[PDB]
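> Structure, please.
(7 chains, ligands or ions: 15)
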Amino acid sequence: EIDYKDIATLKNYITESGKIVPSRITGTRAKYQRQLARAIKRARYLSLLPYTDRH
Amino acid sequence: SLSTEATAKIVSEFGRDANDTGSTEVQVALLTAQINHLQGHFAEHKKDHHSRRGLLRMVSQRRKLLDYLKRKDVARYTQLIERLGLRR
Amino acid sequence: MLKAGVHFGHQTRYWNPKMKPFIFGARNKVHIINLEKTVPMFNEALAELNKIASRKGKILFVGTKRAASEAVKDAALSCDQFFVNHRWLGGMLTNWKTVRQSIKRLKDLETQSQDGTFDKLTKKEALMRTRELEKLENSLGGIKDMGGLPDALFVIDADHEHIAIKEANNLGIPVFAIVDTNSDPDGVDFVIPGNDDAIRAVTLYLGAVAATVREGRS
Amino acid sequence: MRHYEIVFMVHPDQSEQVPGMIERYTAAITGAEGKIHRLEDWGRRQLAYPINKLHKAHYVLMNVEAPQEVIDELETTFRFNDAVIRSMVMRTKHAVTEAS
Amino acid sequence: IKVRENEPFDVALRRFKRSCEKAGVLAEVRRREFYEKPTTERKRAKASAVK
Amino acid sequence: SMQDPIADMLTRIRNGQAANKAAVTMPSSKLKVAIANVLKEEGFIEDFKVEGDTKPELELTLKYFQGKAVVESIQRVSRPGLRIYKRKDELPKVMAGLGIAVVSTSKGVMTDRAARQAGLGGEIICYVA
RNA sequence: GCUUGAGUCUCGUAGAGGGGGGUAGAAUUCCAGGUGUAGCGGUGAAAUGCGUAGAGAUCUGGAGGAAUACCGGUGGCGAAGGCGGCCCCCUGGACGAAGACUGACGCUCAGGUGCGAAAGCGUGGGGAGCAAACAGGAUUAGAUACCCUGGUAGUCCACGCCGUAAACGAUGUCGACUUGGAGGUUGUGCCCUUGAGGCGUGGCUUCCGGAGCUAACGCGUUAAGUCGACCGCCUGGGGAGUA
Ligand SMILES: [Mg+2]
Ligand SMILES: [Mg+2]
Ligand SMILES: [Mg+2]
Ligand SMILES: [Mg+2]
Ligand SMILES: [Mg+2]
Ligand SMILES: [Mg+2]
Ligand SMILES: [Mg+2]
Ligand SMILES: [Mg+2]
Ligand SMILES: [Mg+2]
Ligand SMILES: [Mg+2]
Ligand SMILES: [Mg+2]
Ligand SMILES: [Mg+2]
Ligand SMILES: [Mg+2]
Ligand SMILES: [Mg+2]
Ligand SMILES: [Mg+2]
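Numbering: from 1, shown residues only, chains lettered A, B, ... in the order given. Ligands and ions are numbered 1, 2, ... in the order given. Please see the structure below:
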């Protein structure tokens, strides 16, 4: 959310597969769903999080 | 988009005091300043059409202002175009 | 000045803009009417009501909703006044001459309920013709005897009485109505602000109308 | 002078280069009179997916305030140095401390 | 996707696959490209989900 | 734009009136007033007021008679695009005689009736009825 | 002269706004290899095609181009065209809170200039998938098609052309005025912040609906309502956007 390093908070905004969870489920606000995804994206690149559950 | 440092500078170089921000000359001057800076931005790139639109915008504005001045104080006009270095 | 123990106002969003001048509400996402404006409208309400009621009151207490209906089959019903307390058969004012025969049937039937033919025919026909009666009975009570043309009309909830008011508006029948915050006024010549569907504002002004038609010239 | 996160991650085998690397970057940035507001040698962390063959690799966090210029001549060195399997330099918006 | 199911049973129980992929992003990516036409598909897919 | 302000006045009446609006205000001007004057003197507006000083504020009270408004129609005539100037023999009389025509003259904003008597003419600002 | 129109200045906010450089994982195709063995592929059914020089399937490594799942949404930006992975660099616009400066410096704009999807053209380059042309197999009375197997240009990059689209809201721009309701989005002021809020106050937007307007459909404070300033354009169908 407020940051990608927080993989802690994060891991509960992604499905098992690692797909970013729709806001209609997280029930999250708008502005933040973006800050969220952006930080998730950010965290996948630094291998702090999977893209895929195939690993 | 021009440095608060640099924009201020020019306000204190063309107006009564700083704060005299809206003084004709001052506008005409910090437009000029950007217009010129920018000419290198668009020196590279050139395909940055969109940004170019603001730059054209800049020119046509400063142009209108320059015009109005000449209409009012033709003195402050000549002084300005000399000292801003344009109108050839 | 108030009397209304509790009709205060009523009705929340659904407000009809034109009902501004009779509202000062705001409590908990619903507006309270102008408590002190409903009142100077009993001045004129019951006044030109009783005013025509002495010169001879023939009213028509039009009001419906399976939860307020029968509470009009009273001193509203009884005294110098007539009533409709069910689905307002459209055109019953406007087709009065068609429906006029829907009366002849009602009578020519009950006038033959405990009268005339009855316990004869089949033990089918029986309540298998009082299914006819019970029907025409409600919706077409206050019609029965008309005697003196419908002359003003007292109507309960202006918009929920879309038709009957409109009918009147057409026929020159002054329409006295109470109009919630949500209901559309101006169809009403004599407009009565305030709640329209709480068991009180009804009986109150309702019974209070009966209580001024009922007496005006001794 | 602007800020950046920066969080290059190095190759296990070249682990004991990480101290010299940090010494070096700090030197370079400090020399430009730019400060340095956080530093975290997370060491050998386990990878989510197995980037570049090899799982688990040595992370290092930074947080610096330096002129868009030395930050420029950083990703270069970050490229040159095939011991750094990824890097990333980020936003800014004023300094930072602890978290993580 | 994955179920490493455990001790005493034999039933499939894989109701998971109708929770993401399968004919989800699969009947999708299968065929006609689309392009600007999804826009039209997903525009009618909101006009519906209003009421 | 703001280029014709009198049509803006004419319309703020026209509109608010059809909105059954009690008052209505607008930036004032010498001109504006002299007209509202006539509107009042001839009984179309209830009463005006200019509550300002640096940023003047012409303000008018609309009347409603029966259920209607008193202004059954208020159109501009002259306008910055096309200015109208009728002599005197040519001055236009609205609704036969009822209703008025606001006309500016070498001596002030008067009504066609008035101007006709005055013996002069000028720019026929607008029509009212 | 004036300060309300219009600009300038200060701090900030949101953003697939533009241009440039990096870079990431998922897949497809291809190359190499391990294992494995008689089919695979495809359709409505088939056949062309592919496989015992071992295909498909399965695992492993590698090369290459192209596009960026999930976020994602009557969500967001732009003058229109249009713009979706991540990061840095350069840069345009918008909006908001304050207050300060300019002092009508404005609106519109024939001519003019710029921009302007996709296709198409010029030179080099690049080429995985898709695919005009073209080949082959089918269907069919016929099949120069729709379906199948292949597949060239093109689709990709750089520079330069072309200047058109149902380039559409089929609604020119600017300004003023005129009842409502439920959202979405994005600033900001105030309240024991003591509720994840509570009451306001701008920008933008979706649905619905009043007067009114309309041939009707419908529009409806984002007008197709009430008005003004300017500009483009229409005058029966065909002929013709042709000579
Ligand atoms: Mg004037
Ligand atoms: Mg791959
Ligand atoms: Mg492979
Ligand atoms: Mg910007
Ligand atoms: Mg071009
Ligand atoms: Mg092209
Ligand atoms: Mg080419
Ligand atoms: Mg084909
Ligand atoms: Mg054309
Ligand atoms: Mg459209
Ligand atoms: Mg257009
Ligand atoms: Mg609304
Ligand atoms: Mg609508
Ligand atoms: Mg209009
Ligand atoms: Mg031609």
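> in the chain, which helix has the most residues?
Since no chain was named, I'll use chain A. For chain A, the helix reaching the highest residue count under DSSP state H is reported as helix A:30-45.
> Chain D is the one I meant
Using DSSP H to assign secondary structure, the helix with the most residues in chain D is helix D:18-30.
> hmm, who's touching that one?
When contacts are defined by Cβ atoms under 8 Å, 6 or more residues apart in numbering or on different chains, helix D:18-30 is touched by residues D:10, D:36, D:39, D:41, D:58, D:60, D:62, D:64, D:66, D:70, D:74, D:81. For every residue, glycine as well, the C-beta is placed using N, CA and C.
> can you put the residues you listed in a markdown table and add secondary structure?
Below are the contacts of helix D:18-30 laid out as a markdown table (DSSP: H, G, I helix; E, B strand; the rest coil):
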| residue | secondary structure |
| --- | --- |
| D:10 | strand |
| D:36 | strand |
| D:39 | strand |
| D:41 | strand |
| D:58 | strand |
| D:60 | strand |
| D:62 | strand |
| D:64 | strand |
| D:66 | strand |
| D:70 | coil |
| D:74 | helix |
| D:81 | coil |
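> which one of these has the most neighbours?
With neighbours set by other Cβ atoms under 10 Å in any protein chain shown, the maximum within the contacts of helix D:18-30 is found at residue D:64, which has 26 neighbours.
> Spatially central residue for the chain, please.
Unless you meant another one, I'm taking chain A. Most central residue of chain A, judged by C-alpha distance to the mean C-alpha position with Cα atoms, centre = their mean, is residue A:40 at 3.8 Å.
> um, chain C though
The geometric centre of chain C, computed from its C-alpha atoms, lies nearest to residue C:62 (Cα atoms, centre = their mean), at 2.0 Å.
> nearest spatial neighbour of the closest residue to chain E within chain D, skipping sequence neighbours?
Closest approach between chain D and chain E, counting by Cβ to the nearest Cβ: residue D:49, at 15.1 Å. The shortest distance from residue D:49 to any residue other than its chain neighbours is 4.3 Å, reached at residue A:55 (Cβ to Cβ, 6 or more residues apart in numbering or on different chains).
> mind listing the strands for chain D?
Secondary structure of chain D, counting by DSSP state E: strands at D:2-4, D:9-10, D:36-45, D:57-66, D:84-86.
> Chain F now?
Per DSSP E, chain F carries strands over the ranges F:23-27, F:45-50, F:57-62, F:74-76, F:85-86, F:100-105, F:110-111, F:122-128.
> So for residue D:31, which of these sits nearest?
Between residue D:31 and the strands of chain F, the shortest separation by Cβ to Cβ is 63.1 Å, and it involves strand F:23-27.
> what's the longest helix of chain A packed up against?
helix A:7-10, helix A:23-26 (3 or more Cβ pairs under 8 Å, 6 or more residues apart in numbering or on different chains; DSSP states H and E).
> Between the ones you listed, which one is closest to RNA strand G.
Comparing the helices and strands packed on helix A:30-45 by their distance to RNA strand G (Cβ to the nearest atom of the strand), the top pick is helix A:23-26, with 3.5 Å.
> Can that closest one be said to contact chain E?
No. Figure legend: helix A:23-26 not in contact with chain E (Cβ under 8 Å from any Cβ of the partner chain); closest approach 10.7 Å.
> Now do that helix: everything it contacts.
Here helix A:23-26 makes contact (Cβ under 8 Å, 6+ apart) with A:13, A:30, A:33, A:36.
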